[PDB]
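Working notes, beginning with the structure itself.
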Number of protein chains: 2
Amino acid sequence: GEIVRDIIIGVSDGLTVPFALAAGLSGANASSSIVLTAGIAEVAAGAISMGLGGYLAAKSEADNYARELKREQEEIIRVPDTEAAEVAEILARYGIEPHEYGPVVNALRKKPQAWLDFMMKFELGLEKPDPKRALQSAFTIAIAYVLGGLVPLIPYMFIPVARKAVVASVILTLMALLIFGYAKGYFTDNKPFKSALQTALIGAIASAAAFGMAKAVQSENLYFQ
Amino acid sequence: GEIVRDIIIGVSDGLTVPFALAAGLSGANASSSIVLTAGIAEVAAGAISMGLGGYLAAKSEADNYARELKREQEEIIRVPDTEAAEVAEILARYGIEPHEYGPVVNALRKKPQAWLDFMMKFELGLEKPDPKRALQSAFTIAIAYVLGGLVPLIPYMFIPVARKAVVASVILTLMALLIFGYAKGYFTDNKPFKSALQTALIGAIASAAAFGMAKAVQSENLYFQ
Ligand SMILES: [Co+2]
Ligand SMILES: [Zn+2]
Ligand SMILES: [Zn+2]
Ligand SMILES: [Zn+2]
Ligand SMILES: [Zn+2]
Ligand SMILES: [Zn+2]
Ligand SMILES: [Zn+2]
């Protein structure tokens with residue numbers, strides 16, 4: 001689930017922080033337009049950091065694994081037996097009788113591709129990356145982040161009073177958390193009814209955190225300024 | 001690099017968005033205290049979503065892989081040969097001569113632990129998770145996020161004028177991006193001089209995005225309100 005995981009980690013970040021930041025700013029008697037200006041500035045700034053962060057990790061792991069793929073094939077050139085010795089240990093660790101693993105290395109020495117592929121598959125994990133899924137990763141997380149952050153900001157666009165709009169945003173995102181919480185469970189091995197309530201509580205813990213932090217800095221101001 | 005990856009993905013998120021959100025709010029002639037109230041509300045709301053998001057994924061993957069570990073051992077009980085057939089394909093795909101893979105399954109049938117461990121190691125990846133590193137993951141990403149978001153907000157705490165404080169925050173975080181950009185390269189296979197400039201440009205793209213988004217909503221207001 002490459003593209004399924006990318007759109008899940010992107011919506012959970014964009015549903016919780018922009019909603020929490022909005023609710024916290026609305027709690028401190030800020031104008032609804034001000035709540036929108038910091039939310040959208042967060043949503044835009046958030047999608048780029050999530051997006052390029054998903055592209056930096058994907059493009060770094062894709063370049064490294066392909067370089068180690070080349071670094072390991074050059075090792076079997078200079079000292080072939082040392083590379084054979086490393087692949088022999090892989091077989092040996094899993095309890096193979098010596099009269100059966102011996103002919104395996106002899107066949108592996110003639111054809112390099114299969115021996116290295118399995119050895120690398122058994123030593124450094126599945127490290128051959130899809131070139132199109134590296135950039136597909138970044139566009140899917142940035143889309144899911146923008147979509148997630150837009151949901152808590154919709155009511156502030158139609159309600160110019162923030163203390164009135166935050167009530168529409170609490171129930172709308174709470175519904176969004178429970179819906180996209182049970183969605184992450186229908187496409188996961190866990191129970192979707194458990195993932196719905198968990199995505200709504202992380203939105204509650206974060207919205208409460210941003211609320212308490214918003215009011216502790218406004219503790220000395222008479223109005224929001 | 002379990003704990004090394006957790007503190008990298010956490011600082012890159014917390015260095016870019018709180019800085020960008022702050023710079024965008026400061027650009028629209030907002031009070032420096034207002035910039036702090038939305039930044040810290042974002043930093044707090046951001047660390048919880050990053051933290052519990054790292055704990056939800058870790059605790060879901062740890063529970064699922066252990067359940068599939070149990071689901072697969074019960075499969076070798078009802079129809080042992082079907083489970084043998086699945087492990088036989090693993091060997092067969094990598095070009096094994098038939099006179100050598102045959103005795104391997106016979107030895108694998110007597111002792112279940114090694115046969116399933118390798119088969120699972122070769123089929124469903126390395127899926128046995130450390131119990132202490134699942135919760136260690138969440139505390140390390142939340143720490144790195146808070147630390148990252150605090151850096152762009154320090155100057156606004158000592159400079160009550162935002163248009164004056166944003167200049168101190170641009171060079172301070174840009175330095176932070178270049179420092180923690182070359183830090184992610186000294187502990188990665190890529191060149192650290194390349195990762196420094198890349199973490200500073202993602203901070204530039206995001207800070208510019210939040211700036212343009214902050215001013216497009218304030219396009220009709222005479223002062224920031
Ligand atoms: Co984030
Ligand atoms: Zn090597
Ligand atoms: Zn080797
Ligand atoms: Zn080697
Ligand atoms: Zn199975
Ligand atoms: Zn099987
Ligand atoms: Zn099976």
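How things are named: the first chain in the structure tokens is A, the next is B, and so on; residues count from 1 in each chain; ligands count from 1 in the order shown.
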
Quick one: residues within 7 Å of ligand 1, with only C-alpha atoms and all ligand atoms, as an NGL selection string?
(:A and (13 or 46 or 50)) or (:B and (13 or 46 or 50))

Give me a file of those residues, with N, CA and C atoms, as a JSON list (two decimals), in the first residue's frame.
```json
[["chain", "number", "residue", "atom", "x", "y", "z"],
["A", 13, "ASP", "N", -2.18, 14.31, 9.40],
["A", 13, "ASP", "CA", -1.45, 15.51, 9.80],
["A", 13, "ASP", "C", -2.25, 16.77, 9.50],
["A", 46, "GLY", "N", 2.20, 23.61, 5.58],
["A", 46, "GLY", "CA", 2.19, 22.22, 6.01],
["A", 46, "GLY", "C", 2.29, 21.23, 4.88],
["A", 50, "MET", "N", 5.26, 18.50, 4.36],
["A", 50, "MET", "CA", 4.88, 17.09, 4.25],
["A", 50, "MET", "C", 5.22, 16.53, 2.88],
["B", 13, "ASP", "N", 9.69, 18.62, 10.06],
["B", 13, "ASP", "CA", 8.32, 19.12, 10.06],
["B", 13, "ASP", "C", 8.18, 20.35, 10.96],
["B", 46, "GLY", "N", 1.08, 20.55, 16.57],
["B", 46, "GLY", "CA", 1.89, 19.81, 15.63],
["B", 46, "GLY", "C", 2.61, 18.63, 16.24],
["B", 50, "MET", "N", 2.14, 14.73, 15.17],
["B", 50, "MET", "CA", 3.33, 13.99, 14.76],
["B", 50, "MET", "C", 3.62, 12.85, 15.73]]
```

If the cut-off is 7 Å, can you tell me the residues of chain B near chain A, counting only C-alpha atoms? I'd like them as a PyMOL selection string.
chain B and resi 13+16-17+20-21+24-25+31+34+37-38+40-42+44-46+48-49+52+64+94-95+100+114+118+122+189+202+206-207+209-211+213-214+217+225

Please dump the current selection as a compact mmCIF listing (two decimals), in the first residue's frame; keep N, CA, C and O atoms.
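The resulting selection.txt:
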```txt
# COMPACT_ATOMS: atom_id res chain seq x y z
N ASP B 13 9.69 18.62 10.06
CA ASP B 13 8.32 19.12 10.06
C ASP B 13 8.18 20.35 10.96
O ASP B 13 7.57 21.35 10.56
N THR B 16 10.06 23.79 9.59
CA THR B 16 9.58 24.42 8.37
C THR B 16 8.21 25.07 8.51
O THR B 16 8.02 26.21 8.10
N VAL B 17 7.24 24.37 9.10
CA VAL B 17 5.88 24.90 9.19
C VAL B 17 5.80 26.02 10.23
O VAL B 17 5.33 27.12 9.91
N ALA B 20 7.47 28.94 8.76
CA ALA B 20 6.72 29.48 7.63
C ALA B 20 5.44 30.17 8.10
O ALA B 20 5.13 31.29 7.66
N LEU B 21 4.69 29.52 8.99
CA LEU B 21 3.49 30.14 9.55
C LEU B 21 3.81 31.45 10.25
O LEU B 21 3.05 32.42 10.15
N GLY B 24 4.83 34.09 7.52
CA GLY B 24 3.65 34.54 6.79
C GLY B 24 2.76 35.46 7.60
O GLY B 24 2.25 36.46 7.08
N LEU B 25 2.57 35.15 8.88
CA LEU B 25 1.79 36.03 9.74
C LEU B 25 2.50 37.35 10.00
O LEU B 25 1.85 38.40 10.06
N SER B 31 0.65 41.52 14.89
CA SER B 31 1.42 41.73 16.11
C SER B 31 2.32 40.53 16.38
O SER B 31 1.97 39.39 16.08
N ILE B 34 0.69 37.98 18.43
CA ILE B 34 -0.22 37.15 17.63
C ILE B 34 0.56 36.08 16.89
O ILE B 34 0.12 34.92 16.80
N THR B 37 1.23 33.40 19.36
CA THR B 37 0.06 32.63 19.77
C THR B 37 -0.33 31.58 18.74
O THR B 37 -0.76 30.49 19.11
N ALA B 38 -0.18 31.89 17.45
CA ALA B 38 -0.50 30.91 16.42
C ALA B 38 0.65 29.93 16.19
O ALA B 38 0.40 28.77 15.84
N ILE B 40 2.98 28.84 18.60
CA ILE B 40 3.01 27.89 19.71
C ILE B 40 1.78 26.99 19.67
O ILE B 40 1.87 25.79 19.95
N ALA B 41 0.62 27.56 19.33
CA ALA B 41 -0.56 26.72 19.13
C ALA B 41 -0.33 25.71 18.02
O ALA B 41 -0.84 24.58 18.09
N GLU B 42 0.43 26.08 16.99
CA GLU B 42 0.78 25.12 15.95
C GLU B 42 1.82 24.13 16.45
O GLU B 42 1.72 22.93 16.20
N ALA B 44 2.49 23.12 19.52
CA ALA B 44 1.86 22.16 20.43
C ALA B 44 0.94 21.21 19.66
O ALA B 44 1.04 19.99 19.81
N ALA B 45 0.05 21.77 18.83
CA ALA B 45 -0.83 20.92 18.04
C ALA B 45 -0.05 20.06 17.05
O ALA B 45 -0.48 18.94 16.73
N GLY B 46 1.08 20.55 16.57
CA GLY B 46 1.89 19.81 15.63
C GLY B 46 2.61 18.63 16.24
O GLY B 46 2.67 17.55 15.63
N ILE B 48 1.77 16.84 18.88
CA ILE B 48 0.85 15.78 19.25
C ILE B 48 0.43 14.97 18.03
O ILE B 48 0.38 13.73 18.07
N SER B 49 0.13 15.65 16.91
CA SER B 49 -0.24 14.93 15.69
C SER B 49 0.94 14.14 15.14
O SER B 49 0.77 13.01 14.66
N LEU B 52 1.53 11.18 18.22
CA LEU B 52 0.54 10.11 18.19
C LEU B 52 0.43 9.48 16.81
O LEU B 52 0.07 8.30 16.69
N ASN B 64 -0.17 -5.84 13.93
CA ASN B 64 -0.56 -6.58 12.74
C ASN B 64 0.46 -7.67 12.40
O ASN B 64 0.10 -8.81 12.12
N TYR B 94 14.32 -18.29 -6.87
CA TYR B 94 15.69 -17.79 -6.95
C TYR B 94 16.64 -18.75 -7.66
O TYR B 94 17.85 -18.70 -7.43
N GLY B 95 16.12 -19.62 -8.52
CA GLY B 95 16.96 -20.47 -9.35
C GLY B 95 17.76 -21.52 -8.60
O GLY B 95 18.99 -21.51 -8.63
N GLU B 100 18.73 -30.11 -4.99
CA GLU B 100 19.28 -29.47 -3.81
C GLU B 100 18.24 -28.80 -2.91
O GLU B 100 18.46 -28.72 -1.70
N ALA B 114 12.53 -22.41 12.50
CA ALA B 114 13.47 -21.88 11.53
C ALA B 114 12.84 -21.76 10.15
O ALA B 114 13.07 -20.77 9.44
N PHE B 118 12.55 -17.99 8.37
CA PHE B 118 13.15 -17.62 7.08
C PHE B 118 12.08 -17.32 6.04
O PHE B 118 12.16 -16.30 5.34
N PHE B 122 11.57 -13.97 4.24
CA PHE B 122 11.70 -13.82 2.80
C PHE B 122 10.40 -13.42 2.12
O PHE B 122 10.45 -12.96 0.97
N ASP B 189 23.59 8.39 3.79
CA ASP B 189 24.51 7.99 2.74
C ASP B 189 24.74 9.09 1.71
O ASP B 189 25.67 9.00 0.92
N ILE B 202 13.46 23.92 1.11
CA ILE B 202 12.10 23.53 1.50
C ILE B 202 11.55 24.50 2.53
O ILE B 202 10.35 24.80 2.55
N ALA B 206 8.21 26.76 1.54
CA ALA B 206 7.09 26.76 2.47
C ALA B 206 6.85 28.13 3.09
O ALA B 206 5.70 28.56 3.24
N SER B 207 7.93 28.83 3.48
CA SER B 207 7.77 30.17 4.03
C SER B 207 7.18 31.12 3.00
O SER B 207 6.39 32.00 3.34
N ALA B 209 5.17 30.09 0.51
CA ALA B 209 3.79 29.67 0.34
C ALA B 209 2.90 30.27 1.42
O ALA B 209 1.85 30.85 1.13
N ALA B 210 3.32 30.16 2.69
CA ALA B 210 2.54 30.71 3.78
C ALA B 210 2.46 32.23 3.73
O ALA B 210 1.50 32.82 4.21
N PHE B 211 3.48 32.88 3.15
CA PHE B 211 3.44 34.33 3.00
C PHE B 211 2.40 34.75 1.97
O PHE B 211 1.57 35.63 2.24
N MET B 213 -0.14 33.01 0.92
CA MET B 213 -1.47 32.65 1.40
C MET B 213 -1.94 33.58 2.51
O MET B 213 -3.14 33.84 2.64
N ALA B 214 -1.01 34.09 3.33
CA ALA B 214 -1.40 34.99 4.40
C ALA B 214 -1.89 36.33 3.86
O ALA B 214 -2.82 36.92 4.41
N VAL B 217 -5.65 36.44 1.92
CA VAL B 217 -6.85 36.54 2.74
C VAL B 217 -6.96 37.92 3.39
O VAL B 217 -8.08 38.41 3.61
N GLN B 225 -6.79 42.48 10.88
CA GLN B 225 -7.91 42.19 11.76
C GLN B 225 -8.87 41.21 11.09
O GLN B 225 -8.45 40.19 10.54
```

Kindly work out which residues sit at most 8 Å from ligand 5, using only C-alpha atoms and all ligand atoms, and give the list as number ranges by chain.
B: 68, 71-72, 75, 83

Residues within 9 Å of ligand 7, counting only C-alpha atoms and all ligand atoms, as a PDB file with N, CA, C and O atoms, in the first residue's frame:
```pdb
ATOM      1  N   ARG B  71      -1.242 -15.855  12.592  1.00  0.00           N
ATOM      2  CA  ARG B  71      -2.143 -16.348  11.556  1.00  0.00           C
ATOM      3  C   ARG B  71      -1.444 -17.324  10.622  1.00  0.00           C
ATOM      4  O   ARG B  71      -2.085 -18.238  10.090  1.00  0.00           O
ATOM      5  N   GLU B  72      -0.137 -17.157  10.414  1.00  0.00           N
ATOM      6  CA  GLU B  72       0.581 -18.029   9.495  1.00  0.00           C
ATOM      7  C   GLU B  72       0.993 -19.340  10.151  1.00  0.00           C
ATOM      8  O   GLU B  72       1.045 -20.375   9.477  1.00  0.00           O
ATOM      9  N   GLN B  73       1.287 -19.321  11.453  1.00  0.00           N
ATOM     10  CA  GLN B  73       1.631 -20.559  12.142  1.00  0.00           C
ATOM     11  C   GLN B  73       0.414 -21.458  12.311  1.00  0.00           C
ATOM     12  O   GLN B  73       0.557 -22.683  12.399  1.00  0.00           O
ATOM     13  N   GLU B  74      -0.787 -20.876  12.367  1.00  0.00           N
ATOM     14  CA  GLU B  74      -1.996 -21.689  12.395  1.00  0.00           C
ATOM     15  C   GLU B  74      -2.327 -22.266  11.028  1.00  0.00           C
ATOM     16  O   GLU B  74      -3.073 -23.247  10.945  1.00  0.00           O
ATOM     17  N   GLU B  75      -1.792 -21.676   9.956  1.00  0.00           N
ATOM     18  CA  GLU B  75      -2.008 -22.224   8.621  1.00  0.00           C
ATOM     19  C   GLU B  75      -1.209 -23.505   8.415  1.00  0.00           C
ATOM     20  O   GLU B  75      -1.687 -24.442   7.765  1.00  0.00           O
ATOM     21  N   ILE B  76       0.010 -23.567   8.960  1.00  0.00           N
ATOM     22  CA  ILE B  76       0.815 -24.779   8.861  1.00  0.00           C
ATOM     23  C   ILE B  76       0.251 -25.912   9.703  1.00  0.00           C
ATOM     24  O   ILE B  76       0.719 -27.051   9.595  1.00  0.00           O
ATOM     25  N   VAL B  79      -3.370 -27.213   7.163  1.00  0.00           N
ATOM     26  CA  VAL B  79      -2.889 -27.794   5.912  1.00  0.00           C
ATOM     27  C   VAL B  79      -1.383 -27.582   5.836  1.00  0.00           C
ATOM     28  O   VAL B  79      -0.926 -26.607   5.222  1.00  0.00           O
ATOM     29  N   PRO B  80      -0.579 -28.458   6.445  1.00  0.00           N
ATOM     30  CA  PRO B  80       0.876 -28.214   6.475  1.00  0.00           C
ATOM     31  C   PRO B  80       1.514 -28.131   5.097  1.00  0.00           C
ATOM     32  O   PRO B  80       2.446 -27.342   4.901  1.00  0.00           O
ATOM     33  N   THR B  82       0.239 -27.038   2.215  1.00  0.00           N
ATOM     34  CA  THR B  82      -0.021 -25.739   1.600  1.00  0.00           C
ATOM     35  C   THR B  82       0.969 -24.691   2.092  1.00  0.00           C
ATOM     36  O   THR B  82       1.488 -23.894   1.301  1.00  0.00           O
ATOM     37  N   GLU B  83       1.245 -24.681   3.401  1.00  0.00           N
ATOM     38  CA  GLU B  83       2.280 -23.807   3.946  1.00  0.00           C
ATOM     39  C   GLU B  83       3.665 -24.205   3.457  1.00  0.00           C
ATOM     40  O   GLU B  83       4.511 -23.335   3.224  1.00  0.00           O
ATOM     41  N   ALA B  84       3.922 -25.506   3.304  1.00  0.00           N
ATOM     42  CA  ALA B  84       5.180 -25.937   2.706  1.00  0.00           C
ATOM     43  C   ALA B  84       5.276 -25.465   1.264  1.00  0.00           C
ATOM     44  O   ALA B  84       6.337 -25.021   0.809  1.00  0.00           O
ATOM     45  N   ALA B  85       4.162 -25.549   0.529  1.00  0.00           N
ATOM     46  CA  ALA B  85       4.162 -25.139  -0.871  1.00  0.00           C
ATOM     47  C   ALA B  85       4.509 -23.663  -1.012  1.00  0.00           C
ATOM     48  O   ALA B  85       5.198 -23.267  -1.960  1.00  0.00           O
ATOM     49  N   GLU B  86       4.054 -22.834  -0.071  1.00  0.00           N
ATOM     50  CA  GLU B  86       4.354 -21.409  -0.143  1.00  0.00           C
ATOM     51  C   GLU B  86       5.831 -21.143   0.129  1.00  0.00           C
ATOM     52  O   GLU B  86       6.426 -20.238  -0.471  1.00  0.00           O
ATOM     53  N   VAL B  87       6.440 -21.922   1.027  1.00  0.00           N
ATOM     54  CA  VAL B  87       7.860 -21.745   1.313  1.00  0.00           C
ATOM     55  C   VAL B  87       8.706 -22.353   0.206  1.00  0.00           C
ATOM     56  O   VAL B  87       9.825 -21.893  -0.057  1.00  0.00           O
TER      57      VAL B  87
END
```

Could you check how far CA of residue 173 (chain B) sits from CA of residue 26 (chain B), in Å to one decimal?
14.8 Å

Mind listing the alpha helix (DSSP H) residues of chain A, per DSSP on the backbone, as an NGL selection string?
:A and (2-27 or 32-78 or 80-93 or 98-110 or 112-123 or 131-158 or 162-186 or 192-217)

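In this structure, CA of residue 109 (chain A) sits 25.0 Å away from CA of residue 106 (chain B).
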
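Separating CA of residue 201 (chain B) from CA of residue 219 (chain B) is a distance of 26.7 Å.
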
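With only C-alpha atoms and all ligand atoms as the atoms that count, the residue of A:165, A:119, A:222, A:142 with the shortest distance to ligand 4 is A:119.
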